[PDB]
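Values below: all heavy atoms of this structure, side chains included; hydrogens, waters and symmetry mates excluded. Order of the sequence lines sets the chain letters (A, B, ...), proteins ahead of strands, with each chain counted from 1.
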Amino acid sequence: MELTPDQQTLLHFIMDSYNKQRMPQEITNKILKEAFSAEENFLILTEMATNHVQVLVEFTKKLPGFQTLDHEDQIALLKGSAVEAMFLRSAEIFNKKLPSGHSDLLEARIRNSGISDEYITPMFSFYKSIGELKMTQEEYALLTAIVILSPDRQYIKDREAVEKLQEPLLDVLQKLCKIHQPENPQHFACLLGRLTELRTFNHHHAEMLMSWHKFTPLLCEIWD
Amino acid sequence: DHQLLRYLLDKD
Ligand SMILES: O=C(NCc1ccccc1)c1cc2c(n1Cc1ccccc1)CN(S(=O)(=O)c1ccccc1F)CC2
């Protein structure tokens, strides 16, 4: 079995827009150079989350049919997915992108940034569970698009229009599981398992913000 | 409200 030309096209548009992302050299130099203090560590995470929201908006705009949605619905989707997309992208970087010694330095900074262990422990557990699935770049891209195009977010006016965009992405993802892992029929179910685990970070993050150093304009505005 | 998200969304 294979993807239809229509599904191959949809996948290519998602993949091209996903691979455009890159961690700015400036931020990576800060991870290496900045002093090891709670204040400097917190600011590094702030710069990382601000960069991600910009990267997230650019990726979202390129999602097939996203631009054809009502303008208010476009904003409500961005707002509702911001936190989940952040944790998913942070899981990818942890299990891939950052070097062995460089990721050890970033982990040291996260564990000394003023974030309570009540929030650090489910975060690193999620990173490990994601790592266990050995997700392909196609799976990370499609899962991010599925998270963004969630028809059950608050304040969407035309939910059916969003469903029409998300259903083909779930179809493609399930087909890619059947093609690339035919011996593991529960692979798609495990991917859905990370989606529900992602939803819990909405409450973990909202509680974390309620505990309190301030925010960036993209942060407490997309985070409410 | 959402002035930065709106700006980023609508540019180009
Ligand atoms: O880098 C990360 N994880 C991967 C990792 C880990 C350990 C070693 C190697 C790699 C990572 C984990 C977290 C945050 N980040 C940066 C990031 C990466 C990617 C996309 C957005 C933000 C930020 N958030 S936050 O709630 O937005 C926040 C913003 C400002 C101040 C404090 C904060 F907690 C906290 C959780």
Quiz item: Would A/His71 and B/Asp10 satisfy side chain to side chain contact (heavy atoms under 4.5 Å, CB included), going step by step from the backbone distance to the final call?
Solution: CA-CA 10 Å; A/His71 192 256; B/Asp10 297 322; 3.1 Å; yes
Could you tell me if the side chain of [Y] sits less than 4.5 Å from the side chain of [X], heavy atoms only?
X: A/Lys61; Y: B/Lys11; result: yes
X: A/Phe66; Y: B/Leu9; result: yes
X: B/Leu5; Y: A/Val53; result: yes

With a sphere of 6.0 Å drawn around [atom1] of [X], does it hold more than 12 non-hydrogen atoms of other residues, nucleotides or ligands?
X: A/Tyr119; atom1: OH; result: yes
X: B/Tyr7; atom1: OH; result: no
X: A/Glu167; atom1: CD; result: no
X: A/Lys164; atom1: NZ; result: no

Exercise. Heavy atoms only: give me the nearest B/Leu8-A/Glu58 pair and the separation to one decimal.
Key: O-OE2, 3.9 Å
Exercise. Quick one: pull up NE2 in B/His2 and CG in A/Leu218 and give me the separation to the nearest 0.5 Å.
Key: 12.0 Å
Donor-acceptor pairs are to be reported for all side-chain atoms of residues 38-47 of chain A against protein atoms at under 3.5 Å, with residues two or more places apart or in another chain.
unit_1  : atom_1 : unit_2   : atom_2 : d
A/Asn41 : OD1    : A/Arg109 : NH1    : 3.0
A/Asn41 : ND2    : A/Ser37  : O      : 3.3
A/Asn41 : ND2    : A/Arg109 : O      : 3.4
A/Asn41 : ND2    : A/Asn112 : O      : 2.8
A/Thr46 : OG1    : A/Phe42  : O      : 2.8
A/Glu47 : OE1    : A/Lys30  : NZ     : 2.8

